[PDB]
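Student:
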Amino acid sequence: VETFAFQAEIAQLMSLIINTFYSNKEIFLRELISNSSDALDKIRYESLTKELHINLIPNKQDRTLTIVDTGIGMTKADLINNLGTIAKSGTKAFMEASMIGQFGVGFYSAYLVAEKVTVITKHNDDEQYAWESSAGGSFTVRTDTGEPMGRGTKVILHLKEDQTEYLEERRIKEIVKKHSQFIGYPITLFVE
Ligand SMILES: CCNC(=O)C1(c2ccc3nc(N)nc(C(=O)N4Cc5ccccc5C4)c3c2)CCC1
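Under the entry's author numbering, the letters of the sequence shown match residues 17 to 65, 74 to 121, 129 to 223, in that order.
What follows is the structure, encoded as structure tokens:
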């Protein structure tokens, strides 16, 4: 388990997301589905140079909403450096300007609804990694000794006690149909 500090910009952004009163918290899903779509586009665009989909797994017991994709995945180098550089440039752009995704920092909208976010990832020529952050100015990165998932990303949202609506079938179905209705990959909503 390695702990890293977020950079000043990203840290300030997450603080802004968590401490700012904003009721349209449902934007987080569009942002994460979009990110999955790009990762899936990356493994698809690389293929020409197996199954490409997105799964939405709610869990009442653990109080989690998971967004799984079979996209390109991420390396340790992607988790530490790379995501941090993308975010440095992104936060800079989003500050000068709900429109969060246009600046490549839409993932962090997850903190509108999650108290902790766990990111299990696997890239084709690297190991399985687990990224985790409860915001608070830091993130951890470890090698996942957990169940070997296939190439892709698993974004596990540990929902706030008050944000349990994002566990309901009707609600997930309504958000998807509203802002992710033209994604080029099948989106499966798991039941309970
Ligand atoms: C397609 C273009 N992107 C890439 O190549 C990267 C990449 C590749 C696969 C990805 N898969 C998903 N599902 N999501 C993301 C993502 O943008 N984030 C996940 C995450 C976790 C912690 C903190 C911030 C973020 C933002 C991915 C990013 C390589 C580095 C960016």
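In this text, a Cβ means the ideal position worked out from N, Cα and C, and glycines have one as well.
Please specify which runs of the beta strand (DSSP E), each continuous and at least 3 residues long, are wholly inside the stretch 171 to 205, giving them in chain order.
Tutor: Listed in chain order, the complete beta strand (DSSP E) runs (minimum 3 residues) inside the stretch 171 to 205 are 183 to 190.
Student: Rounded to the nearest angstrom, how far is the Cβ of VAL92 from that of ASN79, given a contact under 8 Å?
Tutor: With 8 Å as the limit, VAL92 and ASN79 qualify as a contact, their Cβ atoms being about 4 Å apart.
Student: Using only the alpha-carbon positions, how far apart do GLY183 and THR94 sit?
Tutor: Spanning the two alpha carbons is a distance of roughly 4 Å.
Student: Contact between the stretch 159 to 175 and the stretch 37 to 52: three or more CB pairs below 8 Å?
Tutor: No, because fewer than three Cβ pairs between the stretch 159 to 175 and the stretch 37 to 52 fall closer than 8 Å, the two stretches do not touch.
Student: Measure the C-alpha to C-alpha separation of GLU223 and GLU120 and round it to an integer number of angstroms.
Tutor: When rounded, the distance between both Cα atoms is 43 Å.
Student: Look at the alpha carbon of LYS112 and the alpha carbon of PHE134, and state the distance between them as a whole number of angstroms.
Tutor: Each residue's Cα considered, the two are about 10 Å apart.
Student: Taking 8 Å as the threshold (C-beta atoms), are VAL186 and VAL148 in contact?
Tutor: Yes, these two residues count as a Cβ contact at 8 Å.
Student: The beta strand (DSSP E) that contains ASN83, what's its start and end?
Tutor: Run containing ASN83: 78 to 83, per the beta strand (DSSP E) assignment.
Student: Please report the distance separating the alpha-carbon of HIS154 from that of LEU56.
Tutor: Going by the C-alpha atoms only, they are around 12 Å apart.
Student: Excluding sequence positions up to five away, which residues of its chain have a Cβ less than 7 Å from the Cβ of residue 125?
Tutor: Position 121 is followed directly by 129 in the chain, which means residue 125 is not present among the coordinates.
Student: Could you tell me the alpha carbon to alpha carbon distance between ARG46 and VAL144, rounded to whole angstroms?
Tutor: Cα to Cα, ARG46 sits roughly 13 Å from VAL144.
Student: What first and last residue would you give for the alpha helix (DSSP H) that runs through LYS112?
Tutor: From DSSP, the alpha helix (DSSP H) with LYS112 extends over 107 to 120.
Student: For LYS209, does the three-state DSSP call read helix, strand or coil?
Tutor: In the structure shown, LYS209 sits in a helix (DSSP, three-state: H, G or I).
Student: Leaving out five residues before and five after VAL17 in sequence, what residues of the same chain have Cβ atoms less than 7 Å from its Cβ?
Tutor: For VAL17, where only same-chain residues beyond five positions count, the Cβ hits under 7 Å are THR171, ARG173.
Student: Considering only heavy atoms of ligand 1, does any lie closer than 7 Å to the CB of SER169?
Tutor: Outside the cutoff, so no.
Student: Suppose contacts are defined by Cβ-Cβ distances below 8 Å. Is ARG87 in contact with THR219 by that definition?
Tutor: No, the Cβ-Cβ distance between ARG87 and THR219 is not below 8 Å.
Student: Does the distance between the C-beta of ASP93 and the nearest non-hydrogen atom of ligand 1 fall short of 7 Å?
Tutor: For ligand 1, at least one heavy atom lies less than 7 Å from the Cβ of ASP93.
Student: Do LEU29 and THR115 have their beta-carbon atoms positioned less than 8 Å apart in this structure?
Tutor: Yes, the pair counts as a contact, with Cβ atoms nearer than the cut-off.
Student: Taking just the CA atoms, how far does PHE221 sit from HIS77?
Tutor: Looking at the two C-alpha atoms, the distance is approximately 13 Å.
Student: Please name the residue, chosen from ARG201, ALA166, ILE49, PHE22, that lies closest to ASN105 on a Cα-to-Cα basis.
Tutor: Answer by Cα proximity: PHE22.
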